[PDB]
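Fold and contact review
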Amino acid sequence: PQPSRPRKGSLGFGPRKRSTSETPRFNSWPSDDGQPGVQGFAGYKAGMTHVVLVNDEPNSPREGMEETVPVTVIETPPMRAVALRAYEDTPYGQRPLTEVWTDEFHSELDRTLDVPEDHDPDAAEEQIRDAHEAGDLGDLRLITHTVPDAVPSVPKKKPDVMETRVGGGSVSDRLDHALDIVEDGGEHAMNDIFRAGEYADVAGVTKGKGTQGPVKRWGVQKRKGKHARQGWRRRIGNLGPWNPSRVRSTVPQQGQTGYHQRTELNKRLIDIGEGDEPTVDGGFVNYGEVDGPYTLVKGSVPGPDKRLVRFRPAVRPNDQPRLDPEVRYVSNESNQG
Amino acid sequence: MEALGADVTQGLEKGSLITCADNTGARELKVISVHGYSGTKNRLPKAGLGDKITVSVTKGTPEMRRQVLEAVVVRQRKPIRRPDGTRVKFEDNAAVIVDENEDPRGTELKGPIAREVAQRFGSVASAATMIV
Amino acid sequence: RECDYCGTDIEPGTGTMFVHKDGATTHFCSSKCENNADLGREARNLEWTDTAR
RNA sequence: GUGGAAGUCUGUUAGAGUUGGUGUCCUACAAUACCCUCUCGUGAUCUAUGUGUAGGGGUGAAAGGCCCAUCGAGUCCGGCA
RNA sequence: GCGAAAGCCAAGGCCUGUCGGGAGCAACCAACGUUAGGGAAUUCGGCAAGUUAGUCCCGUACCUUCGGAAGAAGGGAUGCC
RNA sequence: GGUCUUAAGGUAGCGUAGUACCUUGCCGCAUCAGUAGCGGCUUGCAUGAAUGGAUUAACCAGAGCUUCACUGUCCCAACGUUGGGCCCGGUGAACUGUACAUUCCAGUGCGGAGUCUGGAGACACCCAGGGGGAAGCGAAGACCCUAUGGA
RNA sequence: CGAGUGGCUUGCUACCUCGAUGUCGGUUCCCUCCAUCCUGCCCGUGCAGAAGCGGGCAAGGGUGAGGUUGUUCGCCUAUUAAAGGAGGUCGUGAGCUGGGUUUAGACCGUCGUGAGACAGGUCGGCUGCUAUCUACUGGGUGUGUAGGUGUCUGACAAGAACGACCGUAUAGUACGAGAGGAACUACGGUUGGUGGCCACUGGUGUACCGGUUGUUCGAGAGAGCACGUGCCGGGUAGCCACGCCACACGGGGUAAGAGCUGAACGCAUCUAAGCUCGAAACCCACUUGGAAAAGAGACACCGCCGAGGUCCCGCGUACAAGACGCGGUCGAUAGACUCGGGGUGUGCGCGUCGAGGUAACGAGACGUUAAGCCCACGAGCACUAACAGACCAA
Ligand SMILES: [Cl-]
Ligand SMILES: [Cl-]
Ligand SMILES: [K+]
Ligand SMILES: [Mg+2]
Ligand SMILES: [Mg+2]
Ligand SMILES: [Mg+2]
Ligand SMILES: [Mg+2]
Ligand SMILES: [Mg+2]
Ligand SMILES: [Mg+2]
Ligand SMILES: [Mg+2]
Ligand SMILES: [Mg+2]
Ligand SMILES: [Mg+2]
Ligand SMILES: [Mg+2]
Ligand SMILES: [Mg+2]
Ligand SMILES: [Mg+2]
Ligand SMILES: [Mg+2]
Ligand SMILES: [Mg+2]
Ligand SMILES: [Mg+2]
Ligand SMILES: [Mg+2]
Ligand SMILES: [Mg+2]
Ligand SMILES: [Mg+2]
Ligand SMILES: [Mg+2]
Ligand SMILES: [Mg+2]
Ligand SMILES: [Mg+2]
Ligand SMILES: [Mg+2]
Ligand SMILES: [Mg+2]
Ligand SMILES: [Mg+2]
Ligand SMILES: [Mg+2]
Ligand SMILES: [Mg+2]
Ligand SMILES: [Mg+2]
Ligand SMILES: [Mg+2]
Ligand SMILES: [Mg+2]
Ligand SMILES: [Mg+2]
Ligand code: NA
Ligand code: NA
Ligand code: NA
Ligand code: NA
Ligand code: NA
Ligand code: NA
Ligand code: NA
Ligand code: NA
Ligand code: NA
Ligand code: NA
Ligand code: NA
Ligand code: NA
Ligand code: NA
Ligand code: NA
Ligand code: NA
Ligand code: NA
Ligand code: NA
Ligand code: NA
Ligand code: NA
Ligand code: NA
Ligand code: NA
Ligand code: NA
Ligand code: NA
């Protein structure tokens with residue numbers, strides 16, 4: 001009677017098209033719980049190695065024992081919150097009100113922007129506070145950019161600009177917290193936002209693969225047995241029934257596969273350090289040598305080596321934070337062999 | 001069931017002919033079903049080390065031959081992973097005939113056994129000469 | 001640990017342990033060693049191997 | 001031991017045949033093709049050339065097979081508008 | 001080498017089985033190689049593919065019209081100096 | 001039934017058959033499970049003696065079934081190789097075409113509509129794809145009936 | 001006995017098509033229905049418990065593997081939470097298959113004088129087409145909104161992004177004479193689905209290195225061919241799955257249901273007004289897309305004779321064209337070289353040994369030699385090449 005079977009692939013990550021921005025954009029943010037702070041950071045994927053860890057889980061029978069864990073190494077140097085954007089609550093949703101900038105700009109920010117020559121910070125600040133007084137102040141986020149120049153393995157110098165939100169105690173306090181960060185020079189580090197052991201949400205634009213067939217793109221079957229030898233091997237049975245007389249968008253077809261934005265949830269931050277403790281012998285294949293500020297993320301992260309990846313405090317973690325895990329060993333063995 | 005404490009790539013399928021690691025009188029076993037398992041369309045039901053499979057007696061004494069008994073997978077050629085990363089694999093695929101209480105039917109267990117099997121089937125464990 | 005074949009130090013979180021029929025245990029550091037072993041080659045006869053060196 | 005019989009065996013020797021792939025082709029390279037597979041291969045064998053049998057007639061180890069891409073009665077023209 | 005077999009190479013012939021240039025050259029298609037563990041679960045059906053293989057030595061069942069079955073099966077050997 | 005139709009009234013054998021409707025007959029072998037296969041039984045819808053019956057070694061690109069071996073047939077797909085495919089120069093057809101035509105959901109209609117009705121959606125053009133629909137293209141249906149048709 | 005609903009079966013009819021709407025079964029891939037098999041929440045019980053039985057709401061998800069048979073159907077086995085039924089031209093042949101029905105060949109049985117027949121059986125017996133329109137999956141070029149760069153907003157759109165099971169503690173506890181034997185909650189794992197990634201294991205790897213058979217270049221050295229690697233052994237990068245990582249809860253409103261207050265009807269009453277609760281189902285939450293949302297958006301800065309863009313040049317985190325991203329001497333973008341990191345497995349030559357042989361000769365052994373050869377990665381390094389310069393633009 002033809003056995004049932006779930007459809008091939010998910011309909012939740014579509015359309016399966018090329019991403020608009022190589023730099024990921026979070027469409028959600030963590031809640032305003034603790035003290036005022038920036039709700040995200042970024043870095044550049046380098047590669048993978050394994051780490052030996054002590055079982056941190058109190059509910060595990062193996063608690064306290066050695067444990068080998070896969071880790072993706074990401075070079076996460078300091079970023080710079082160059083401006084403070086305030087949104088106002090309008091009858092059509094949130095809308096950008098104004099921005100408060102600075103004067104101290106990184107030598108190569110103009111490779112992307114039309115850096116401000118004449119700006120009035122105070123006025124914008126005033127407008128933001130007046131709106132706040134009126135009770136129309138939506139949320140507050142900081143314009144941020146990376147320093148690719150700080151990462152040798154990454155060829156680009158043109159900084160990746162992205163807006164990150166600030167979640168704080170009160171609106172009045174996080175506003176101040178924001179303004180302060182910016183005034184200095186907006187310089188901040190992964191330490192400032194995260195701590196080893198916390199779970200982060202890593203967003204990134206996956207490894208591109210160009211056009212691919214249904215079999216790879218949607219996980220449909222290959223023609224089987226005799227059917228496989230008739231002239232059809234990797235094409236689905238049919239595009240749909242006689243009626244409705246049209247091909248439904250839900251049928252697995254050929255197209256752009258890869259180079260899409262993805263936001264992987266609950267990624268444990270095994271360790272945030274600095275130096276060359278993680279670099280592989282002979283260099284990370286197709287990347288290079290890591291000798292600077294870095295983050296060790298448990299498991300896989302979307303994207304190819306050199307790609308920009310964004311961090312965010314897990315918006316829906318399942319486990320309780322188990323701070324600063326014990327790292328008894330980090331493999332430095334060559335990734336060639 | 002209770003966690004194996006090891007990741008397993010099932011190396012057997014329904015219809016697979018394996019070795020009966022005991023003195024029951026049954027030499028060769030044929031996998032029929034995998035307890036607690038439900039597959040998916042076209043997928044041939046898979047069994048691995050640490051599973052309680054249903055078996056048919058292919059070879060052995062006329063008495064045991066052609067019977068349908070339950071058993072536990074003790075060894076398998078396809079590797080398995082341990083917490084420390086290392087893979088572990090055996091020289092053959094083998095199971096031990098078992099009763100309703102998960103107690104070995106026979107008296108003696110031939111060949112070595114996986115340590116992970118112990119956490120699940122104690123009576124089978126405390127009947128093994130070697131535990132790797 | 002050390003590879004029961006060539007003799008080099010097995011990088012932690014790597015390798016395979018072949019359990020023999022009799023119950024013996026052989027820790028390999030790589031497929032290269034496992035495969036040279038399957039060919040019946042003894043580590044002592046192969047120069048590249050530390051055992052031989 | 002000699003002898004060397006056979007509608008004898010193996011065999012892409014030459015040569016002949018045409019089982020499966022229901023592959024390739026299917027406005028073809030081709031109005032019957034291509035590739036692999038497969039059968040026979042000293043005999044009721046295969047083959048060239050010459051020669052005989054002509055249409056309700058030939059020819060047919062018989063399939064209504066074949067008689068110049070034409071066959072349960074060839075082809076051409078006529079009867080015929 | 002058993003060979004008018006394969007494979008390699010002379011002599012002799014040819015680059016005219018007559019459109020080219022470019023993209024590590026994507027999907028998909030035709031031919032095809034290799035795939036861990038499992039091993040016909042596939043399918044109307046092992047279709048397709050694969051396995052086996054040359055030579056010598058040992059050895060060889062039921063059945064039989066005494067010819068055969070039969071290379072039954074099964075076991076061993078095989079290079080170079 | 002313990003003869004009658006119409007001459008005789010099925011003998012040897014074979015038998016659920018390439019013949020058995022009932023039928024997946026019953027029993028057994030084999031398998032976890034066998035409308036299969038083999039063996040036995042057999043009242044045979046409707047076997048049977050040159051309309052040849054039975055049996056049978058050898059032979060077979062003949063039909064069915066079992067085992068060992070084998071393996072990408074399958075679990076479940078991957079990577080690779082060669083030729084295409086894609087882009088450029090040159091060469092250069094055909095099929096098809098009442099008209100209009102960006103359609104989708106419903107309805108209606110000779111009861112199976114891109115074109116009617118109501119709504120919904122819809123900026124134009126182009127490249128690649130696998131073929132859902134145009135009851136797609138190709139052939140004055142082989143099936144069926146009809147004709148005071150043909151052979 | 002009576003009243004109906006459906007349009008799956010069968011029958012009836014002869015409306016539609018005979019200048020053809022390709023068959024049955026299967027497969028593959030997509031959507032749907034609910035009369036619900038499982039799962040969630042409930043009511044009754046001939047509800048002690050456990051296991052059930054019957055009923056209600058409910059279509060989110062799931063509903064699988066095999067033996068005979070062409071079968072659909074059905075019979076059977078073992079697993080399972082359960083292995084539900086049905087619609088989409090009995091969905092699906094410009095997708096596949098072709099076992100069955102139903103051409104031409106042949107046999108058997110039955111019938112017939114016979115040709116020959118069969119709503120009997122059987123063996124064999126072909127699957128055409130380069131897509132014009134439309135449809136959708138993905139990719140571009142233009143115009144509209146009316147100079148540019150960067151950052152956003154969110155009308156709407158998609159999702160199952162999550163479904164289910166087993167185990168431990170609770171507990172040998174509640175309940176029960178006993179046998180037997182729960183739950184709330186908290187944990188650990190499994191399976192199915194999903195998205196991503198390759199440190200690890202595994203496959204590939206006609207890059208690469210070695211061994212070796214035949215033959216050709218006189219031998220040697222070193223090579224060609226043996227189908228697109230002769231074969232065998234090993235195998236880097238990358239790509240992969242058989243490998244590894246991630247995928248809630250909680251709120252809000254409801255259904256069935258359990259109730260509160262409460263009248264019509266002084267009482268009673270969950271309902272009539274009002275209210276408190278309560279489903280895997282709905283909404284939010286989360287993920288993906290999304291200024292062409294014609295109300296065609298917001299902010300910031302730069303610029304209107306100059307901001308910015310295209311072409312050009314060296315390249316890829318990108319890629320079928322187009323698109324996209326980066327670098328361009330104020331430079332490490334690519335190549336060369338040298339290192340590092342890797343793959344093979346110990347080079348040519350020479351020396352000693354070498355069964356033997358008068359000697360010639362000699363397969364092979366050891367040393368020189370972790371050697372020789374090789375690398376799709378990394379680094380150092382401006383040596384070579386990123387030169388010259390063109391165009392557009394308020
Ligand atoms: Cl198929
Ligand atoms: Cl099963
Ligand atoms: K018709
Ligand atoms: Mg075909
Ligand atoms: Mg590697
Ligand atoms: Mg290694
Ligand atoms: Mg199936
Ligand atoms: Mg002969
Ligand atoms: Mg022959
Ligand atoms: Mg003649
Ligand atoms: Mg005839
Ligand atoms: Mg395999
Ligand atoms: Mg089968
Ligand atoms: Mg099947
Ligand atoms: Mg074959
Ligand atoms: Mg019978
Ligand atoms: Mg007679
Ligand atoms: Mg209209
Ligand atoms: Mg007609
Ligand atoms: Mg007729
Ligand atoms: Mg007539
Ligand atoms: Mg049609
Ligand atoms: Mg209902
Ligand atoms: Mg649904
Ligand atoms: Mg149909
Ligand atoms: Mg269907
Ligand atoms: Mg169709
Ligand atoms: Mg067709
Ligand atoms: Mg076609
Ligand atoms: Mg047929
Ligand atoms: Mg048939
Ligand atoms: Mg037939
Ligand atoms: Mg070659
Ligand atoms: Na084919
Ligand atoms: Na074809
Ligand atoms: Na159709
Ligand atoms: Na004689
Ligand atoms: Na042929
Ligand atoms: Na005539
Ligand atoms: Na005439
Ligand atoms: Na030419
Ligand atoms: Na008779
Ligand atoms: Na013959
Ligand atoms: Na293959
Ligand atoms: Na179509
Ligand atoms: Na009705
Ligand atoms: Na009807
Ligand atoms: Na018609
Ligand atoms: Na069909
Ligand atoms: Na449901
Ligand atoms: Na069945
Ligand atoms: Na139809
Ligand atoms: Na069909
Ligand atoms: Na067809
Ligand atoms: Na709720
Ligand atoms: Na716009």
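Rules used throughout
- Residues numbered from 1 in each chain as written, not as in the entry; some residues may be left out.
- Chains lettered and ligands numbered in written order.
- Part of a larger assembly, values for the part shown.
- Heavy atoms only, no water.
- UniProt positions renumbered as here; feature names shortened; annotations may be inferred.
- Contact = heavy atoms within 4.5 Å.
- Helix = DSSP H or I, 4+ residues; strand = E, 2+ residues; numbered from the N terminus.
- Pairing = 2+ DSSP bridges.
- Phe/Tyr/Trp six-rings, centres within 6.5 Å; stacked < 30°, edge-to-face > 60°.
- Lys NZ or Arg CZ within 6 Å of the ring centre and 35° of its normal.
- Near = heavy atom within 4 Å.
- Polar contact = N/O pair within 3.5 Å; in protein donor to acceptor, adjacent residues only side chain to side chain.
- Nonpolar A, V, L, I, M, F, W, Y, C, P; charged D, E, K, R; others polar.
- Salt bridge = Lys/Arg side-chain N within 4 Å of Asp/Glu carboxyl O.
- Buried < 20%, exposed > 50% of the residue type's maximum accessible area, 1.4 Å probe, protein only.
- Domains from an automatic or database assignment.
- Buried area = accessible area lost by both parts, 1.4 Å probe.

Method information in the entry identifies X-ray crystallography as the source of the structure, with 2.700 Å recorded as the resolution.

If you check the PDB entry, chain C appears there as 50S ribosomal protein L24e from Haloarcula marismortui. Here is the UniProt Function comment for chain C, exactly as written: "Binds to the 23S rRNA." The heading Sequence similarities in the UniProt record of chain C holds the text "Belongs to the eukaryotic ribosomal protein eL24 family."

On record in UniProt, under Function, the comment for chain A is "One of the primary rRNA binding proteins, it binds directly near the 3'-end of the 23S rRNA, where it nucleates assembly of the 50S subunit." Quoted verbatim from the Sequence similarities field of the UniProt record, the comment on chain A reads "Belongs to the universal ribosomal protein uL3 family."

A separate point is the UniProt feature "binding site: Zn(2+)" in chain C. Residue and element names in this part refer to chain C. According to UniProt, the feature "binding site: Zn(2+)" maps to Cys-3, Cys-6, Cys-29 and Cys-33 in the numbering used here. In terms of the greatest pairwise C-alpha distance, the residues named above, spread along 31 residues, form a tight cluster of at most 8.6 Å across. Once residues within four sequence positions are removed from consideration, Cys-29 is found in contact with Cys-3, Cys-6, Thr-8, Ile-10, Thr-14 and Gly-15. Mapped onto the elements of the fold, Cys-33 is located in helix α1 (residues 31-38).

A separate point is the sheet that holds strand β2 (residues 25-28) of chain C. Taken together, five strands build an open sheet; the order of strands is β1(B)-β8(B)-β9(B)-β1(C)-β2(C) and the sheet is mixed. Because the sheet does not close on itself, it has two edges, and the strands there are β1 (7-8) of chain B together with β2 of chain C. Note that strand β9 (residues 87-89) of chain B and strand β1 (residues 16-19) of chain C share three bridges and pair parallel. Each bridged residue has a counterpart across the sheet, and for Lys-89 of chain B the counterpart in β1 of chain C is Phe-18 of chain C.

This part is about the packing of aromatic side chains. Using the criterion set out here, one finds two aromatic pairs over all chains in the structure. When the ring centre of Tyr-87 of chain A is taken as reference, the NZ or CZ atom of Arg-141 of chain A above it lies at 4.1 Å. Over the ring of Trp-48 of chain C we find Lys-32 of chain C, and its NZ or CZ is 3.8 Å from the ring centre.

Moving on to the protein's contact with RNA strand G. Taken together, 163 residues lie near RNA strand G, and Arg-5, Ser-28 and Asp-114 of chain A together with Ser-33 and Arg-87 of chain B sit nearest. When the atoms of RNA strand G within 4 Å of the protein are sorted by group, sugar and phosphate make up 77%. Here a phosphate oxygen of RNA strand G and a backbone polar atom of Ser-10 of chain A are 3.0 Å apart. At 2.5 Å from a sugar or linking oxygen of RNA strand G is found a main-chain nitrogen or oxygen belonging to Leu-265 of chain A. Considering only residue class, the surface near RNA strand G consists of 45 nonpolar, 64 polar and 54 charged.

Turning our attention to the pattern of salt bridges. Applying the stated rule across the entire model yields 25 salt bridges over all chains. Measuring nitrogen to oxygen at the nearest pair gives 2.8 Å for the salt bridge that ties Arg-328 of chain A to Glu-66 of chain A. Of this pair, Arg-328 of chain A sits in strand β15 (residues 327-330) while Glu-66 of chain A is found in strand β3 (residues 66-75), placing the two residues 262 residues apart along the sequence. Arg-328 of chain A gets classed as partly exposed once you look at its relative accessible area, which sits at 47%. Of the residues examined, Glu-66 of chain A reaches a relative accessible area of 35% and is grouped as partly exposed. As a salt-bridge pair, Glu-34 of chain C and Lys-89 of chain B come within 3.1 Å of each other at their nearest N and O atoms. One end of the pair, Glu-34 of chain C, is in helix α1; the other, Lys-89 of chain B, is in strand β9, on a second chain. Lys-89 of chain B sits in the partly exposed class, given a relative accessible area of 23%. Taken together, the salt bridges that share partners define one network made up of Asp-32, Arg-85, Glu-99, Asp-139, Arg-141, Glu-163, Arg-165 and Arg-174 of chain A.

A separate point is the domain arrangement of chain A. A common way to state how big an interface is: give the accessible area lost once the parts meet. Residue and element names in this part refer to chain A. Assigned domains of chain A: these are domain 1 (1-38 + 207-257), domain 2 (39-77 + 189-206 + 258-337) and domain 3 (78-188). The centre of domain 1, based on its C-alpha atoms, is set 28 Å off from the matching centre of domain 2. With 23 residues of domain 1 at the interface, the matching set in domain 2 holds 23 residues. Of the roughly 2100 Å² buried at the junction of domain 1 and domain 2 (both faces included), carbon and sulfur atoms supply 56%. Looking only at domain 1, the three residues that lose the most surface to domain 2 are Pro-24, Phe-26 and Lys-207, adding up to 33% of its buried area. For the pair domain 1 and domain 2, the interface holds one salt bridge. Grouping the amino acids of the side of domain 1 that touches domain 2 by side-chain chemistry returns six nonpolar, 10 polar and seven charged.

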